[PDB]
$ cat final11.pdb   # PDB, C-alpha atoms
ATOM      1  CA  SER A   4     300.360  85.568 -26.268
ATOM      2  CA  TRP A   5     298.456  88.569 -24.905
ATOM      3  CA  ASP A   6     295.065  89.333 -26.444
ATOM      4  CA  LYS A   7     295.762  92.005 -29.064
ATOM      5  CA  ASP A   8     292.272  93.400 -28.430
ATOM      6  CA  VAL A   9     293.282  94.326 -24.873
ATOM      7  CA  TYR A  10     296.624  95.761 -26.051
ATOM      8  CA  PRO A  11     296.081  97.162 -29.569
ATOM      9  CA  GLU A  12     299.098  97.398 -31.869
ATOM     10  CA  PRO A  13     298.808  99.260 -35.200
ATOM     11  CA  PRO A  14     299.862  97.342 -38.322
ATOM     12  CA  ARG A  15     303.611  97.574 -38.874
ATOM     13  CA  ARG A  16     304.533  99.823 -41.814
ATOM     14  CA  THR A  17     308.269  99.314 -42.291
ATOM     15  CA  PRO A  18     309.913 101.007 -45.292
ATOM     16  CA  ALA A  19     311.748  98.759 -47.722
ATOM     17  CA  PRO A  20     315.557  98.943 -47.921
ATOM     18  CA  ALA A  21     316.402 100.976 -51.031
ATOM     19  CA  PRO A  22     320.118 101.824 -50.902
ATOM     20  CA  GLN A  23     321.453 104.336 -53.424
ATOM     21  CA  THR A  24     325.153 104.268 -52.521
ATOM     22  CA  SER A  25     327.450 101.325 -53.236
ATOM     23  CA  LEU A  26     329.244 101.467 -49.877
ATOM     24  CA  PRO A  27     328.826  98.362 -47.689
ATOM     25  CA  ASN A  28     326.299  99.246 -44.974
ATOM     26  CA  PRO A  29     328.078  98.255 -41.735
ATOM     27  CA  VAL A  30     324.711  97.854 -39.999
ATOM     28  CA  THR A  31     323.804  94.866 -42.180
ATOM     29  CA  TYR A  32     327.130  93.128 -41.533
ATOM     30  CA  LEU A  33     326.885  93.824 -37.797
ATOM     31  CA  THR A  34     323.348  92.421 -37.715
ATOM     32  CA  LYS A  35     324.514  89.289 -39.537
ATOM     33  CA  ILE A  36     327.396  88.873 -37.075
ATOM     34  CA  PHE A  37     324.969  89.296 -34.175
ATOM     35  CA  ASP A  38     322.492  86.808 -35.647
ATOM     36  CA  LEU A  39     325.319  84.287 -36.103
ATOM     37  CA  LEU A  40     327.012  84.703 -32.708
ATOM     38  CA  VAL A  41     324.068  85.412 -30.368
ATOM     39  CA  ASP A  42     320.715  84.650 -31.991
ATOM     40  CA  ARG A  43     321.611  81.130 -33.120
ATOM     41  CA  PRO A  44     322.939  79.869 -29.742
ATOM     42  CA  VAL A  45     320.128  81.652 -27.881
ATOM     43  CA  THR A  46     317.513  80.132 -30.188
ATOM     44  CA  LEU A  47     319.057  76.675 -29.784
ATOM     45  CA  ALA A  48     319.036  77.030 -25.993
ATOM     46  CA  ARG A  49     315.409  78.181 -26.075
ATOM     47  CA  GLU A  50     314.534  75.219 -28.303
ATOM     48  CA  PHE A  51     316.129  72.836 -25.800
ATOM     49  CA  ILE A  52     314.399  74.472 -22.828
ATOM     50  CA  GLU A  53     311.038  74.510 -24.617
ATOM     51  CA  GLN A  54     311.437  70.813 -25.444
ATOM     52  CA  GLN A  55     312.106  70.128 -21.767
ATOM     53  CA  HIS A  56     309.071  72.209 -20.772
ATOM     54  CA  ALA A  57     306.869  70.396 -23.302
ATOM     55  CA  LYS A  58     308.038  67.076 -21.852
ATOM     56  CA  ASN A  59     306.354  67.955 -18.529
ATOM     57  CA  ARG A  60     303.215  69.911 -19.452
ATOM     58  CA  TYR A  61     300.987  70.960 -16.546
ATOM     59  CA  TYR A  62     298.368  73.668 -16.142
ATOM     60  CA  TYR A  63     297.308  76.446 -13.796
ATOM     61  CA  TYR A  64     293.863  78.015 -13.649
ATOM     62  CA  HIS A  65     292.357  81.468 -13.150
ATOM     63  CA  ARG A  66     290.194  81.393 -10.025
ATOM     64  CA  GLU A  67     286.720  82.803 -10.671
ATOM     65  CA  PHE A  68     284.649  84.332  -7.867
ATOM     66  CA  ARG A  69     280.876  84.328  -8.237
ATOM     67  CA  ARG A  70     278.965  87.564  -7.766
ATOM     68  CA  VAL A  71     277.815  88.298  -4.213
ATOM     69  CA  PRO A  72     275.106  90.728  -2.976
ATOM     70  CA  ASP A  73     276.492  94.249  -2.688
ATOM     71  CA  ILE A  74     276.559  96.545   0.337
ATOM     72  CA  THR A  75     273.325  98.119  -0.922
ATOM     73  CA  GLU A  76     271.416  94.852  -0.371
ATOM     74  CA  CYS A  77     272.827  94.405   3.130
ATOM     75  CA  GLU A  78     271.172  94.847   6.514
ATOM     76  CA  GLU A  79     272.446  97.355   9.064
ATOM     77  CA  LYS A  80     274.411  94.950  11.283
ATOM     78  CA  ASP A  81     274.541  91.880   9.010
ATOM     79  CA  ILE A  82     278.244  91.253   9.537
ATOM     80  CA  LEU A  83     278.306  88.226   7.230
ATOM     81  CA  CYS A  84     276.697  90.029   4.288
ATOM     82  CA  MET A  85     278.839  93.100   4.960
ATOM     83  CA  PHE A  86     282.006  90.979   4.940
ATOM     84  CA  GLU A  87     281.019  89.294   1.673
ATOM     85  CA  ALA A  88     280.148  92.622   0.035
ATOM     86  CA  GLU A  89     283.334  94.265   1.315
ATOM     87  CA  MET A  90     285.518  91.483  -0.083
ATOM     88  CA  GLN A  91     283.714  91.644  -3.433
ATOM     89  CA  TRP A  92     284.084  95.435  -3.492
ATOM     90  CA  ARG A  93     287.811  95.184  -2.753
ATOM     91  CA  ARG A  94     288.202  92.672  -5.587
ATOM     92  CA  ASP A  95     286.323  95.034  -7.915
ATOM     93  CA  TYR A  96     288.556  97.898  -6.764
ATOM     94  CA  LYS A  97     291.658  95.878  -7.656
ATOM     95  CA  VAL A  98     290.174  94.952 -11.042
ATOM     96  CA  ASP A  99     289.400  98.608 -11.799
ATOM     97  CA  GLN A 100     292.930  99.614 -10.782
ATOM     98  CA  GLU A 101     294.274  97.059 -13.251
ATOM     99  CA  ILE A 102     291.892  98.371 -15.936
ATOM    100  CA  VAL A 103     293.304 101.867 -15.422
ATOM    101  CA  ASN A 104     296.790 100.336 -15.587
ATOM    102  CA  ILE A 105     295.976  98.712 -18.939
ATOM    103  CA  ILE A 106     294.671 102.014 -20.311
ATOM    104  CA  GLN A 107     297.820 103.791 -19.108
ATOM    105  CA  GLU A 108     299.963 101.132 -20.795
ATOM    106  CA  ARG A 109     298.046 101.769 -24.019
ATOM    107  CA  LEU A 110     298.650 105.509 -23.657
ATOM    108  CA  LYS A 111     302.388 105.093 -23.028
ATOM    109  CA  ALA A 112     302.756 102.686 -25.957
ATOM    110  CA  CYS A 113     300.949 105.100 -28.275
ATOM    111  CA  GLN A 114     303.073 108.015 -27.058
ATOM    112  CA  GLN A 115     306.355 106.200 -27.698
ATOM    113  CA  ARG A 116     305.397 104.470 -30.952
ATOM    114  CA  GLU A 117     304.047 107.503 -32.825
ATOM    115  CA  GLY A 118     307.341 109.344 -32.399
ATOM    116  CA  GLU A 119     307.120 113.066 -33.123
ATOM    117  CA  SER A 120     303.459 112.827 -34.217
ATOM    118  CA  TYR A 121     302.171 111.485 -30.889
ATOM    119  CA  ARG A 122     300.071 114.565 -30.112
ATOM    120  CA  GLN A 123     297.765 114.103 -33.107
ATOM    121  CA  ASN A 124     297.946 110.307 -33.481
ATOM    122  CA  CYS A 125     297.139 109.448 -29.835
ATOM    123  CA  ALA A 126     294.048 111.618 -29.341
ATOM    124  CA  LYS A 127     291.904 108.472 -29.168
ATOM    125  CA  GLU A 128     294.130 106.959 -26.471
ATOM    126  CA  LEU A 129     294.107 110.249 -24.558
ATOM    127  CA  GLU A 130     290.301 110.323 -24.765
ATOM    128  CA  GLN A 131     290.030 106.743 -23.505
ATOM    129  CA  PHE A 132     292.391 107.483 -20.617
ATOM    130  CA  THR A 133     290.444 110.644 -19.778
ATOM    131  CA  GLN A 134     287.159 108.722 -19.676
ATOM    132  CA  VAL A 135     288.591 105.930 -17.522
ATOM    133  CA  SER A 136     290.354 108.395 -15.215
ATOM    134  CA  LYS A 137     287.202 110.458 -14.706
ATOM    135  CA  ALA A 138     285.195 107.312 -13.954
ATOM    136  CA  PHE A 139     287.817 106.029 -11.500
ATOM    137  CA  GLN A 140     288.099 109.411  -9.780
ATOM    138  CA  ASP A 141     284.318 109.570  -9.444
ATOM    139  CA  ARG A 142     284.183 106.075  -7.948
ATOM    140  CA  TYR A 143     287.442 105.575  -6.004
ATOM    141  CA  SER A 144     288.732 108.915  -4.768
ATOM    142  CA  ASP A 145     288.748 110.967  -1.550
ATOM    143  CA  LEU A 146     287.707 107.805   0.315
ATOM    144  CA  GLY A 147     290.863 107.896   2.439
ATOM    145  CA  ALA A 148     293.238 105.296   3.808
ATOM    146  CA  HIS A 149     290.358 103.541   5.622
ATOM    147  CA  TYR A 150     288.123 103.125   2.574
ATOM    148  CA  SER A 151     285.226 100.672   2.627
ATOM    149  CA  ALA A 152     282.260  99.679   0.478
ATOM    150  CA  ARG A 153     279.994 101.661   2.831
ATOM    151  CA  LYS A 154     282.111 104.780   2.054
ATOM    152  CA  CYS A 155     281.751 104.332  -1.750
ATOM    153  CA  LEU A 156     278.010 103.839  -1.182
ATOM    154  CA  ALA A 157     277.915 107.098   0.787
ATOM    155  CA  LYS A 158     279.872 108.980  -1.885
ATOM    156  CA  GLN A 159     277.583 107.597  -4.594
ATOM    157  CA  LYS A 160     274.506 108.620  -2.595
ATOM    158  CA  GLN A 161     275.907 112.135  -2.207
ATOM    159  CA  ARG A 162     276.632 112.315  -5.942
ATOM    160  CA  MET A 163     273.129 111.074  -6.797
ATOM    161  CA  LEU A 164     271.588 113.646  -4.446
ATOM    162  CA  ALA A 165     273.633 116.341  -6.186
ATOM    163  CA  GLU A 166     272.450 115.038  -9.566
ATOM    164  CA  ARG A 167     268.822 115.165  -8.406
ATOM    165  CA  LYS A 168     269.300 118.714  -7.121
ATOM    166  CA  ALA A 169     270.817 119.761 -10.454
ATOM    167  CA  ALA A 170     267.997 118.070 -12.381
ATOM    168  CA  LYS A 171     265.353 119.835 -10.276
ATOM    169  CA  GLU A 172     266.915 123.195 -11.172
TER     170      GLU A 172
ATOM    171  CA  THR B   2     275.131  94.151  44.209
ATOM    172  CA  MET B   3     273.430  92.246  41.377
ATOM    173  CA  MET B   4     273.595  88.491  42.006
ATOM    174  CA  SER B   5     273.791  88.706  45.819
ATOM    175  CA  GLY B   6     270.039  89.103  46.285
ATOM    176  CA  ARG B   7     268.834  86.535  43.762
ATOM    177  CA  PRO B   8     265.810  84.552  45.016
ATOM    178  CA  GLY B   9     266.641  81.047  46.202
ATOM    179  CA  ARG B  10     270.352  81.758  46.677
ATOM    180  CA  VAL B  11     271.633  79.644  49.567
ATOM    181  CA  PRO B  12     274.212  81.596  51.615
ATOM    182  CA  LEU B  13     277.782  80.329  51.924
ATOM    183  CA  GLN B  14     277.350  77.754  49.166
ATOM    184  CA  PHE B  15     280.220  77.545  46.695
ATOM    185  CA  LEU B  16     278.425  75.451  44.050
ATOM    186  CA  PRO B  17     274.607  75.303  43.979
ATOM    187  CA  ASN B  18     272.951  72.065  42.907
ATOM    188  CA  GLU B  19     271.589  73.764  39.775
ATOM    189  CA  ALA B  20     275.183  74.249  38.583
ATOM    190  CA  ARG B  21     275.447  70.525  37.789
ATOM    191  CA  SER B  22     273.250  71.039  34.705
ATOM    192  CA  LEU B  23     276.255  72.837  33.125
ATOM    193  CA  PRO B  24     279.186  70.975  31.552
ATOM    194  CA  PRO B  25     282.158  70.726  33.915
ATOM    195  CA  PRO B  26     285.366  72.417  32.750
ATOM    196  CA  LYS B  27     287.593  69.986  30.883
ATOM    197  CA  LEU B  28     290.718  68.790  32.685
ATOM    198  CA  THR B  29     292.684  70.021  29.644
ATOM    199  CA  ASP B  30     291.259  73.539  30.007
ATOM    200  CA  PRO B  31     293.854  76.262  29.281
ATOM    201  CA  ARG B  32     292.717  78.096  32.418
ATOM    202  CA  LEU B  33     293.336  74.965  34.490
ATOM    203  CA  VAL B  34     296.742  74.566  32.839
ATOM    204  CA  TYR B  35     297.513  78.171  33.779
ATOM    205  CA  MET B  36     296.493  77.403  37.361
ATOM    206  CA  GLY B  37     298.955  74.513  37.321
ATOM    207  CA  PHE B  38     301.580  76.865  35.887
ATOM    208  CA  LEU B  39     300.927  79.285  38.754
ATOM    209  CA  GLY B  40     301.358  76.419  41.207
ATOM    210  CA  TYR B  41     304.649  75.429  39.582
ATOM    211  CA  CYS B  42     305.852  79.040  39.732
ATOM    212  CA  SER B  43     304.880  79.147  43.413
ATOM    213  CA  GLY B  44     306.953  76.019  43.992
ATOM    214  CA  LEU B  45     309.916  77.519  42.149
ATOM    215  CA  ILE B  46     309.708  80.718  44.202
ATOM    216  CA  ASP B  47     309.454  78.637  47.387
ATOM    217  CA  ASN B  48     312.647  76.826  46.393
ATOM    218  CA  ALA B  49     314.352  80.123  45.518
ATOM    219  CA  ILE B  50     313.453  81.803  48.819
ATOM    220  CA  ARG B  51     314.681  78.875  50.940
ATOM    221  CA  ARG B  52     317.958  78.778  48.952
ATOM    222  CA  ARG B  53     317.666  75.263  47.512
ATOM    223  CA  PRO B  54     318.016  74.017  43.905
ATOM    224  CA  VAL B  55     315.121  75.776  42.208
ATOM    225  CA  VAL B  56     314.246  73.213  39.528
ATOM    226  CA  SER B  57     315.084  69.961  41.334
ATOM    227  CA  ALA B  58     314.848  70.310  45.115
ATOM    228  CA  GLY B  59     311.635  69.145  46.751
ATOM    229  CA  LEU B  60     309.738  67.472  43.921
ATOM    230  CA  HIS B  61     307.003  66.446  46.368
ATOM    231  CA  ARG B  62     306.530  70.060  47.482
ATOM    232  CA  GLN B  63     306.238  71.336  43.901
ATOM    233  CA  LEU B  64     303.867  68.472  43.092
ATOM    234  CA  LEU B  65     301.691  69.456  46.057
ATOM    235  CA  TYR B  66     301.728  73.084  44.900
ATOM    236  CA  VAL B  67     300.584  72.071  41.419
ATOM    237  CA  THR B  68     297.913  69.680  42.708
ATOM    238  CA  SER B  69     296.413  72.201  45.133
ATOM    239  CA  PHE B  70     296.434  74.971  42.532
ATOM    240  CA  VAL B  71     294.783  72.730  39.928
ATOM    241  CA  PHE B  72     292.152  71.508  42.408
ATOM    242  CA  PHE B  73     291.167  74.978  43.592
ATOM    243  CA  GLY B  74     291.357  76.307  40.036
ATOM    244  CA  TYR B  75     288.987  73.619  38.786
ATOM    245  CA  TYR B  76     286.418  74.406  41.468
ATOM    246  CA  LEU B  77     286.893  78.152  40.925
ATOM    247  CA  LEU B  78     286.377  77.787  37.165
ATOM    248  CA  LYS B  79     283.256  75.701  37.736
ATOM    249  CA  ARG B  80     281.817  78.423  39.975
ATOM    250  CA  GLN B  81     282.765  81.127  37.455
ATOM    251  CA  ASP B  82     281.062  79.262  34.606
ATOM    252  CA  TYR B  83     277.973  78.764  36.764
ATOM    253  CA  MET B  84     277.817  82.469  37.601
ATOM    254  CA  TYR B  85     278.190  83.552  33.972
ATOM    255  CA  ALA B  86     275.495  81.063  32.943
ATOM    256  CA  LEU B  87     273.260  82.537  35.651
ATOM    257  CA  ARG B  88     273.916  86.043  34.326
ATOM    258  CA  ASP B  89     273.047  85.052  30.756
ATOM    259  CA  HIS B  90     269.941  83.140  31.868
ATOM    260  CA  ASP B  91     268.649  86.068  33.929
ATOM    261  CA  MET B  92     269.342  88.524  31.101
ATOM    262  CA  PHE B  93     267.492  86.354  28.578
ATOM    263  CA  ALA B  94     264.544  85.879  30.939
ATOM    264  CA  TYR B  95     264.321  89.616  31.634
ATOM    265  CA  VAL B  96     264.433  90.421  27.914
ATOM    266  CA  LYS B  97     261.731  87.841  27.196
ATOM    267  CA  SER B  98     259.481  89.094  30.005
ATOM    268  CA  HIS B  99     259.867  92.774  28.980
ATOM    269  CA  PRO B 100     259.140  92.968  25.235
ATOM    270  CA  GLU B 101     258.366  96.701  25.350
ATOM    271  CA  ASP B 102     261.803  97.649  26.689
ATOM    272  CA  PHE B 103     263.606  95.635  23.965
ATOM    273  CA  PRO B 104     261.643  96.158  20.730
ATOM    274  CA  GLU B 105     262.752  94.904  17.345
ATOM    275  CA  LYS B 106     263.993  97.741  15.140
ATOM    276  CA  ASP B 107     263.122  98.234  11.484
ATOM    277  CA  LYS B 108     265.821  96.549   9.390
ATOM    278  CA  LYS B 109     266.866  99.077   6.746
ATOM    279  CA  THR B 110     269.589  98.008   4.339
ATOM    280  CA  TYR B 111     272.531 100.318   3.551
ATOM    281  CA  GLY B 112     270.912 100.931   0.138
ATOM    282  CA  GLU B 113     268.127 102.703   2.089
ATOM    283  CA  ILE B 114     270.059 104.350   4.987
ATOM    284  CA  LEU B 115     271.739 107.695   4.201
ATOM    285  CA  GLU B 116     275.138 107.934   5.896
ATOM    286  CA  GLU B 117     277.007 111.142   5.118
ATOM    287  CA  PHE B 118     280.242 110.831   3.141
ATOM    288  CA  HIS B 119     283.215 112.720   4.562
ATOM    289  CA  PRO B 120     285.910 113.154   1.885
ATOM    290  CA  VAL B 121     289.613 112.887   2.648
ATOM    291  CA  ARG B 122     291.344 115.612   0.641
TER     292      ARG B 122
END
$ encode --input "final11.pdb" --output "C-alpha cells"
Amino acid sequence: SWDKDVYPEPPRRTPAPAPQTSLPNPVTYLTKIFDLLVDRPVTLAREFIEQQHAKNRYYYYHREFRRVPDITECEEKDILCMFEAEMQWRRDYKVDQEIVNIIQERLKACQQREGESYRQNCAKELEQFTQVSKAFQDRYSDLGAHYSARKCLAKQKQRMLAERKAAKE
Amino acid sequence: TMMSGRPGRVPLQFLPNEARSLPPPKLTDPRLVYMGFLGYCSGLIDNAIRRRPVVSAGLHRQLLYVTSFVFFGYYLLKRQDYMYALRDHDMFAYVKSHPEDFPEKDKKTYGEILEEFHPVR
C-alpha cells in the first residue's frame, strides 16, 4: 500500500529448507496447525469484511494548499500577509518533522533488519539521517517555545551573515 | 479637558443636532439589553430590601425599572457614540491638516529588515 520508494525494503533473501535429519520438525506441524485453526477463519472473516467494504465504496481526499508568499516578501505590519506566511511556515514545519520521522523509521528498520551486521550495512541510512538531522537543526532549532516564521528568518539572516564573514576571510 | 472647549459646542446640550447624522443604536443592542438587565436587578434588589417576593411581587415596579433604565441607556449610548465619532473625526481632520507630523514611513519587507535572532538554548 505504502510507496516502497518512500520506505525502501531490500529484496528478501530467504534460505531454502534443506533438512538433513529425518526427525519431524515440530515447527512445520505447528505452523500447519496455526494456518488451519487461525489463518483460515481470519482470512474468511477478512474476505467477508472486505466484501462488505467493497459494497459501499466511498473516497476521501488529500487537501492541497497552494503556495503563499513567505515572510520575506511581507511588509512590516501587513498582518494579513504575515498570517498567511506564518500558517504556511507552520505547515512546512510539520511536513519537515514528518520527513525526519520517515528518515528515522528507515534508520530503525535498517538497524533491526540487518541483524548483527547493522553497523556496516546501514551506513547509507545513517548518512541520510545525519544529513536530514543537520538540515533540520540548522532550520528549526533554538527558536524556542514561541517560534515564528520571523524567528526562522532572523536565524537564517544571522547564518547568512556568518557565511559572508567566513567567505570574506 | 479635550472635548470641552470644542468650537461650536452648545453648553448643557445632551445631544447636538449634528449627532443625528450617525446611526441610532439598535433597540437590540447588547449594551441596551445590559441596561435592561441592570434595571431588572435594581427591581429585584428593591423587592429584596422591602421584604416582598423577589421574583413576583410588584411586576409594575420592575417593569418601570426596566423601562427607565432602557430609556436612559439608549440616550446615553447615543451620546457616547456621538462623542466617539467626534473624537475620530477630529483626529482624522488633524492628521489630514498636519502632513508633516504624520509622515508615511518607508515600507521595508522582513526580507530587508534585520531583526536580531536570540536563541533559546
$ resolve_selection --input "final11.pdb" --expression "the PyMOL selection byres ((chain B) within 9 of (chain A))" --output "mmCIF file with C-alpha atoms, in the coordinates of the input"
data_model
loop_
_atom_site.group_PDB
_atom_site.id
_atom_site.type_symbol
_atom_site.label_atom_id
_atom_site.label_comp_id
_atom_site.auth_asym_id
_atom_site.auth_seq_id
_atom_site.Cartn_x
_atom_site.Cartn_y
_atom_site.Cartn_z
ATOM 1 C CA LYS B 108 265.821 96.549 9.390
ATOM 2 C CA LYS B 109 266.866 99.077 6.746
ATOM 3 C CA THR B 110 269.589 98.008 4.339
ATOM 4 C CA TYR B 111 272.531 100.318 3.551
ATOM 5 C CA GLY B 112 270.912 100.931 0.138
ATOM 6 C CA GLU B 113 268.127 102.703 2.089
ATOM 7 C CA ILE B 114 270.059 104.350 4.987
ATOM 8 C CA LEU B 115 271.739 107.695 4.201
ATOM 9 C CA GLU B 116 275.138 107.934 5.896
ATOM 10 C CA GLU B 117 277.007 111.142 5.118
ATOM 11 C CA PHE B 118 280.242 110.831 3.141
ATOM 12 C CA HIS B 119 283.215 112.720 4.562
ATOM 13 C CA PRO B 120 285.910 113.154 1.885
ATOM 14 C CA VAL B 121 289.613 112.887 2.648
ATOM 15 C CA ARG B 122 291.344 115.612 0.641
#
$ residues_around --input "final11.pdb" --residues "region 17-20 of chain B" --least-positions-apart "2" --cutoff "6 Å" --atoms "all atoms listed in the file" --output "ChimeraX atom specification"
/B:22-23,83
$ residues_around --input "final11.pdb" --residues "residue 109 (chain A)" --least-positions-apart "2" --cutoff "10 Å" --atoms "only C-alpha atoms" --output "list in words"
residues 9, 10, 11, 12, 103, 104, 105, 106, 107, 111, 112, 113, 114, 125, 128, 129, 131 and 132 of chain A
$ resolve_selection --input "final11.pdb" --expression "the PyMOL selection byres ((chain B and resi 33-50) around 12)" --output "ChimeraX atom specification"
/B:25-32,51-79
$ atom_distance --input "final11.pdb" --atom1 "CA of residue 169 (chain A)" --atom2 "CA of residue 152 (chain A)"
25.6 Å
$ closest_residue --input "final11.pdb" --among "A:34, A:46, A:24, A:151" --to "residue 94 (chain A)" --atoms "all atoms listed in the file"
A:151
$ residues_near_point --input "final11.pdb" --point "(287.1, 87.8, -7.9)" --cutoff "8 Å" --atoms "all atoms listed in the file" --output "PyMOL selection string"
chain A and resi 66-69+91+94-95
$ atom_distance --input "final11.pdb" --atom1 "CA of residue 18 (chain A)" --atom2 "CA of residue 37 (chain A)"
22.1 Å
$ atom_distance --input "final11.pdb" --atom1 "CA of residue 93 (chain A)" --atom2 "CA of residue 71 (chain A)"
12.2 Å
$ residues_around --input "final11.pdb" --residues "residue 88 (chain B)" --least-positions-apart "5" --cutoff "12 Å" --atoms "all atoms listed in the file" --output "number ranges by chain"
B: 3-5, 7, 81-83, 93-95
$ build_atoms --input "final11.pdb" --residues "region 60-77 of chain B" --atoms "N, CA and C atoms" --output "PDB file, in the coordinates of the input"
ATOM      1  N   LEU B  60     310.724  67.794  44.946  1.00  0.00           N
ATOM      2  CA  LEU B  60     309.738  67.472  43.921  1.00  0.00           C
ATOM      3  C   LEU B  60     308.358  67.248  44.522  1.00  0.00           C
ATOM      4  N   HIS B  61     308.292  66.658  45.717  1.00  0.00           N
ATOM      5  CA  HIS B  61     307.003  66.446  46.368  1.00  0.00           C
ATOM      6  C   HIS B  61     306.327  67.775  46.691  1.00  0.00           C
ATOM      7  N   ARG B  62     307.105  68.760  47.146  1.00  0.00           N
ATOM      8  CA  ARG B  62     306.530  70.060  47.482  1.00  0.00           C
ATOM      9  C   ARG B  62     305.971  70.754  46.244  1.00  0.00           C
ATOM     10  N   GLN B  63     306.724  70.737  45.141  1.00  0.00           N
ATOM     11  CA  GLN B  63     306.238  71.336  43.901  1.00  0.00           C
ATOM     12  C   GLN B  63     305.017  70.591  43.375  1.00  0.00           C
ATOM     13  N   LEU B  64     305.020  69.263  43.498  1.00  0.00           N
ATOM     14  CA  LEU B  64     303.867  68.472  43.092  1.00  0.00           C
ATOM     15  C   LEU B  64     302.635  68.857  43.902  1.00  0.00           C
ATOM     16  N   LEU B  65     302.805  69.037  45.213  1.00  0.00           N
ATOM     17  CA  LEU B  65     301.691  69.456  46.057  1.00  0.00           C
ATOM     18  C   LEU B  65     301.193  70.841  45.666  1.00  0.00           C
ATOM     19  N   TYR B  66     302.118  71.763  45.385  1.00  0.00           N
ATOM     20  CA  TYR B  66     301.728  73.084  44.900  1.00  0.00           C
ATOM     21  C   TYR B  66     300.852  72.968  43.661  1.00  0.00           C
ATOM     22  N   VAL B  67     301.315  72.198  42.676  1.00  0.00           N
ATOM     23  CA  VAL B  67     300.584  72.071  41.419  1.00  0.00           C
ATOM     24  C   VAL B  67     299.222  71.429  41.654  1.00  0.00           C
ATOM     25  N   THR B  68     299.176  70.371  42.467  1.00  0.00           N
ATOM     26  CA  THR B  68     297.913  69.680  42.708  1.00  0.00           C
ATOM     27  C   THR B  68     296.904  70.591  43.389  1.00  0.00           C
ATOM     28  N   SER B  69     297.330  71.312  44.428  1.00  0.00           N
ATOM     29  CA  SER B  69     296.413  72.201  45.133  1.00  0.00           C
ATOM     30  C   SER B  69     295.923  73.315  44.219  1.00  0.00           C
ATOM     31  N   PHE B  70     296.834  73.903  43.437  1.00  0.00           N
ATOM     32  CA  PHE B  70     296.434  74.971  42.532  1.00  0.00           C
ATOM     33  C   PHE B  70     295.450  74.468  41.486  1.00  0.00           C
ATOM     34  N   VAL B  71     295.692  73.279  40.930  1.00  0.00           N
ATOM     35  CA  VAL B  71     294.783  72.730  39.928  1.00  0.00           C
ATOM     36  C   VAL B  71     293.423  72.422  40.541  1.00  0.00           C
ATOM     37  N   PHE B  72     293.407  71.852  41.745  1.00  0.00           N
ATOM     38  CA  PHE B  72     292.152  71.508  42.408  1.00  0.00           C
ATOM     39  C   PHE B  72     291.303  72.753  42.654  1.00  0.00           C
ATOM     40  N   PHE B  73     291.900  73.752  43.307  1.00  0.00           N
ATOM     41  CA  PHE B  73     291.167  74.978  43.592  1.00  0.00           C
ATOM     42  C   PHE B  73     290.811  75.721  42.315  1.00  0.00           C
ATOM     43  N   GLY B  74     291.672  75.661  41.297  1.00  0.00           N
ATOM     44  CA  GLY B  74     291.357  76.307  40.036  1.00  0.00           C
ATOM     45  C   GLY B  74     290.191  75.651  39.328  1.00  0.00           C
ATOM     46  N   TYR B  75     290.115  74.320  39.386  1.00  0.00           N
ATOM     47  CA  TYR B  75     288.987  73.619  38.786  1.00  0.00           C
ATOM     48  C   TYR B  75     287.683  74.023  39.456  1.00  0.00           C
ATOM     49  N   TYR B  76     287.657  74.016  40.792  1.00  0.00           N
ATOM     50  CA  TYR B  76     286.418  74.406  41.468  1.00  0.00           C
ATOM     51  C   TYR B  76     286.080  75.873  41.208  1.00  0.00           C
ATOM     52  N   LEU B  77     287.098  76.734  41.189  1.00  0.00           N
ATOM     53  CA  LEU B  77     286.893  78.152  40.925  1.00  0.00           C
ATOM     54  C   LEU B  77     286.330  78.375  39.524  1.00  0.00           C
TER      55      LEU B  77
END
